[PDB]
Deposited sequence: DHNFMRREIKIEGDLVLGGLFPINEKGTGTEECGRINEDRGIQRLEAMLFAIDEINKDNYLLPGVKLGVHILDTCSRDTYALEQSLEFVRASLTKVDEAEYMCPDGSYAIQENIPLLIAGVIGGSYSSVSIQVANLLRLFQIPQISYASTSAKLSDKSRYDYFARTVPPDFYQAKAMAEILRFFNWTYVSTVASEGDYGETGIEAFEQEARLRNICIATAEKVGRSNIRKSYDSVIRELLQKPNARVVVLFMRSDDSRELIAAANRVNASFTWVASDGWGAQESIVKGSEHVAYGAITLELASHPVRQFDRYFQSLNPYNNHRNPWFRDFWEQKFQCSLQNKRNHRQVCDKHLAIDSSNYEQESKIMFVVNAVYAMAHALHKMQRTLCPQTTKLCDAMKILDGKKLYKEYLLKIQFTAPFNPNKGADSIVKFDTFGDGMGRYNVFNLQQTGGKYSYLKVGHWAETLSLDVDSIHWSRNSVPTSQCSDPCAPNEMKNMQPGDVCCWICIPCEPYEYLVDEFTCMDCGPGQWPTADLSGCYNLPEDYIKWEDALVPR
C-alpha cells in the first residue's frame, strides 16, 4: 500500500509500473528499475523544477499523488479510484500523468473521463487511445502505433523479407499493434508464415509452445514482435532454452532495454528493435545519480530499487545476506537514462503549462489559485491543454529540431522512431542506432551486425537454379516452385521458359539463344 503524497496548491496524480507484474497469486513482483523507478523519479524531478520556476506556475506549488500500477491494468484501475474519491486525507487531482502500458492507460482513461480529469501518457502507444469519443480526456506525448507498424513493415519490405512470422501480446497494445502491421504487410507484398500470440498470465509452457510453432516455419527466419516488455523477456528466454534462433524485429515494447535480453544475449544477437525517437534530458542524469537511500526518503520504493540494483541489503530487506557498501552509487558506469524520460518530463510540463495558462486566464489579478480556479473545469482544462504549444522543458538544447510539445486533434504526438540493432562487438552486448523512421525509412545497412554474420533470408520458397529452373507462382504471391526447363529452352524471364526454336539453342547463361553449327 505504498504511495507518494506531496501536498500542493494543485496536485497531479501519476502512475508508473514501479513493480513488475506479480506472478500467480501475488499482485506485484520485482522492481522495474528503468521503466519504473527512473520514470517515476523523472516526474518528481519535473515537479521539483517547475516548483523552482518563477515563470511557470509561480505562486502555485504543484503536489503529487503517485501510485504503482504493478504493470497490470486492473491493479492500475483500483489504484486510480484514489484519484476520484478525492473529488468528493484525500488529495484533489488536477490531472493524471501516467500509464506506461497501453492496457492500463486505456482502463484508467475509462475511469478518469467519468470525472472529467485530464490524463497524459508518456508512453502508451495503442492506436485505440486516439479515439476521442471513448478517451475524450486522454492525451499523450507519444505517437500511435499506426506509424510504428509502418516503420516495421517498411524495414521488412526493404530487406525483402516476404515470409515472416509474427508473435504478439494479447491486449490493446500487441493485438492492435500486430493487426496494423499485418495490414501494412499485405500492401507491401509480405506474407505471414504463422501468427502466434501469447496471453495473460501465460507460463513458460505457453511460450515454449510458441517457439516450436515458430520453428515449424524454418523458412521464416525473421520474426516480427509486438509484445509487452515482460512478455518479450519470456519469449526470448523460451528461445534460449531450446537454443532456437531467429532474427527478431520488435516494437518499442522490447525497445532498447538491455534487461530483456540479459541471460539470453546470444539468442537475441543481431536483433532489430524500434523505440520512440528521443534525446536524453541531461539535467535529469545529474538528479538521478545524486539519489541514494540516505537522501531519497520521499520515494517509498527506492530502497527496494537499491537492494535489487546492487544486490544489497541494509536492515530493510528479506532474511538474506551481504550487507551493502555505503559508498555505492548510481553513476555513469551502472546507469543509462531510459529511452522515454523525455516524454515523462514533457508530459508533466504540458500539464503544468496548461494549468498556468488557465491560472493567468481566470486569475488575472494574482499568481495564486484565486476562487474561480477553486474548482477546476476539467473539460475546459482539456481544451486549453490540447491547444498547448511550448518549447520542450529547458532540458532540451536548441529549438530548431522541432523540440516543441503540442498535440494532434486526437491528442497524440509526432511519430518519430529510431531503429536499433543488438550488438556485442566489444565483448559486451549493447544497442546501436542503425537508422530511423521519420515519414520514410532510413538506415545505413553497413553498420548492422546480423545474426550468423549474414543478412538474413526470409522467403517462402527457395531461389531457383539459374541454369534452368523458372519461377512458378501457385495460388498465393509469396510461395513458388522451380521448374527446370527443356535443354532447348531459355528463360525469356524469371518466370517463363521458351523454346529457342529450330536451328537455335539457349545460351550458356540462358538469357538468349544462339545459332547451331553443322
Need the unmodelled segments of the deposited chain, numbered from 1, in order. 1-5, 94-113, 544-555
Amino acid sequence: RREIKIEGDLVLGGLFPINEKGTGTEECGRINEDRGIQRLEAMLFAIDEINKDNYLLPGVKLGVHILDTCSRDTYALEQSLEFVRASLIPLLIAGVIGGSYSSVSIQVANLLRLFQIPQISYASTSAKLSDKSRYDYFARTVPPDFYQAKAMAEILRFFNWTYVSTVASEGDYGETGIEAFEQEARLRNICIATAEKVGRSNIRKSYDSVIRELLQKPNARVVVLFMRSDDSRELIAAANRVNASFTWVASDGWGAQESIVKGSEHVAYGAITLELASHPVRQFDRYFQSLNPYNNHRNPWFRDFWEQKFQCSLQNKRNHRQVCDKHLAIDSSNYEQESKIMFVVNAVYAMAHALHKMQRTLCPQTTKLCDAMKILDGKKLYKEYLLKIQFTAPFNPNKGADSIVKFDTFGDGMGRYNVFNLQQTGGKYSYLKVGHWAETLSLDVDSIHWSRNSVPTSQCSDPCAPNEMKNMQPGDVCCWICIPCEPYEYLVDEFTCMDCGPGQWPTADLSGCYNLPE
From here on, numbers count along this sequence of modelled residues.
Unmodelled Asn316 in at least one third of other entries with both flanks present: yes
Higher average CA B factor in the deposited record is what I'm after, so tell me if that's 90-98 or 412-420. 412-420
Averaging only over Cα atoms, indicate whether 242-250 or 105-113 has the higher B-factor in the PDB entry. 242-250
Looking at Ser130, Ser430, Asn296, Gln359, which has the biggest Cα B factor in the entry? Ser430
Among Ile481, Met43, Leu56, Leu62, which carries the highest Cα B-factor? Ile481
Select lowest, middle or highest to describe the third in which the CA B-factor of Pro144 falls within its chain in this entry. lowest
Among the modelled residues of its chain, does the C-alpha B-factor of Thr23 lie in the lowest, middle or highest third? highest
Please place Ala465 in the lowest, middle or highest third of its chain by C-alpha B factor as given in the entry. highest
Here the Cα B-factor of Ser290, set against its chain, lands in the third termed lowest
Would you mind checking where the Cα B-factor of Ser169 ranks among the modelled residues of its chain, as the lowest, middle or highest third? middle
